[PDB]
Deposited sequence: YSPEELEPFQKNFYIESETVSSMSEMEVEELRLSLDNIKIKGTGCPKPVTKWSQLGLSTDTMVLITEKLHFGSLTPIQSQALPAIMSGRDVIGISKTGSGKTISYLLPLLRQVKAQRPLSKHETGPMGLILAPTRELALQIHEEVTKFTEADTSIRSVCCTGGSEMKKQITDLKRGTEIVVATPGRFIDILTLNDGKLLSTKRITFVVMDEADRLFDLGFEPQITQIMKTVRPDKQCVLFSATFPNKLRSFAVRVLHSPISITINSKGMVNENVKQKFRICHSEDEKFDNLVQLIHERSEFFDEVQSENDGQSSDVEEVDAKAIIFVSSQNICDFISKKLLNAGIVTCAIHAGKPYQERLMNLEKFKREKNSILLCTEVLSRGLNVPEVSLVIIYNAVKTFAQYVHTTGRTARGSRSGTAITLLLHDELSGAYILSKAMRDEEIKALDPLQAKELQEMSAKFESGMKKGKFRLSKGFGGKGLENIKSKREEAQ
């Protein structure tokens, strides 16, 4: 019942100044960060936005040379440092260790040191295997080497547990342990060797594996004995129902952070693109797509509408007229038409069988049209939010249709977005060449950015 500080995070002015629209775009760009729970702070983008110690900043930026945070770090660090229970779900190799380690270190460092009668630890990291525990312990050691105030001990079934004990005799601030082994240590020396009294921070790492390998009973037993108001975090590559059930029971008002759990675009949407080398070739492709649609219609005839999004009023006027020369009728809408003429076009589009709407991307914001069978993005969009909003005009659950982007060969940010928004399955099903050109473009954008 001794009071302890859990909430340390002071949001930097740079992050505070970020608008909610900017945060949404940032979360999309960081491998589709999705949050559940209330009061999650904005994600950070620099190590310097976190109030880390000078020494930690040196290790991270000058010895490990980390230049950017992973998505799970960007969002999990501020949330955990704000004292919240957090569930973090992110693919293997995405930096989950540091995501919990830096906040653990901060909380532990802030507390009253162990008195001579206190065994520790203050922090507990549970891992499903000896090998994993040892790895975590290595990281903990690295980040605590320069600081005498924090010791770590790795408690596993590692050859000489006898070499683990003698160490525990001296006390420790952090224990990294497999769950069965931790419980065993709790009974040694009449329960006087290692105590849970001062545990304020618990981490469950590789938590799906903690459960698969049969540790739920041990972990339940551990949670029941740690103080109820502990901070607890759970990190894992997957989040099966049984683990969720455990998490919900055991965590207090947790924040859930998932990194690319589902597609930012509805999975039923068929995403496509065509790379063109000039506006002329782009228009030729548009006409061809429209012709292929019409052929399909006859074939089917043994109401599927389309929207073409363009960037500007001028391009809208221009394409409407060119399509008409090619014998293609459209309803066009852009801010240069009076309100009545826009309504007229909307109602015509809705009323007419297999109609085509030509619309500027900004008129699409407040667009009163039902979802459609086909979206053609004539001018490739350059943000994730625009791409999700535009392709979303064909998202209709199981009855979703097709979204096609006409991409110029120098539209590197457009390629980058496609490369991240399309499904892995879609990218894999691409013709080797298409996939090659897309990746090169994406790569070019990526390098061009940092450099």
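Unmodelled segments of the deposited chain, in sequence order: 1 to 5, 308 to 319, 469 to 493.
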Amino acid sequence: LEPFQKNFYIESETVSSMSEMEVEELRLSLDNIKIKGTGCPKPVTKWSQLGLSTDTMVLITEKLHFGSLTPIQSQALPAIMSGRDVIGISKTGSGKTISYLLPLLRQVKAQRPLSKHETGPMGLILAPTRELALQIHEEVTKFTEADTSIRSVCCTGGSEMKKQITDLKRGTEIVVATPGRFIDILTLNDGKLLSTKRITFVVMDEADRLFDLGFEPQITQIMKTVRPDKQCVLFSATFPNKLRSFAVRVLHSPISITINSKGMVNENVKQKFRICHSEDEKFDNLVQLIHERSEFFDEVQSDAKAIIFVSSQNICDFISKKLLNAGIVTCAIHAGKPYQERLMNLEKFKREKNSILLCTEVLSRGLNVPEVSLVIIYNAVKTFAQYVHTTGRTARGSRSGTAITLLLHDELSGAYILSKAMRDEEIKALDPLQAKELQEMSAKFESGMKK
From here on, numbers count along this sequence of modelled residues.
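Look at the C-alpha B-factors of 289 to 297 and of 134 to 142. On average they run higher in 289 to 297. When the mean C-alpha temperature factors of 429 to 437 and 7 to 15 are read from the deposited coordinates, 429 to 437 comes out higher. When the Cα B-factors of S82, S115, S311, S256 are read from the PDB record, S115 comes out highest. Per the deposited coordinates, the residue with the largest Cα temperature factor out of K382, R399, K34, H409 is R399. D184: CA B factor in the highest third of modelled residues in this chain (values from the PDB entry). The entry lists a Cα temperature factor for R423 that places it in the highest third of the chain's modelled residues. In this PDB entry, the Cα temperature factor of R365 sits in the top third of its chain's modelled residues, the highest group. Among all modelled residues in its chain, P71 ranks in the lowest third by Cα B-factor.
Looking at the C-alpha B-factors along this chain, the one for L30 belongs to the lowest third.
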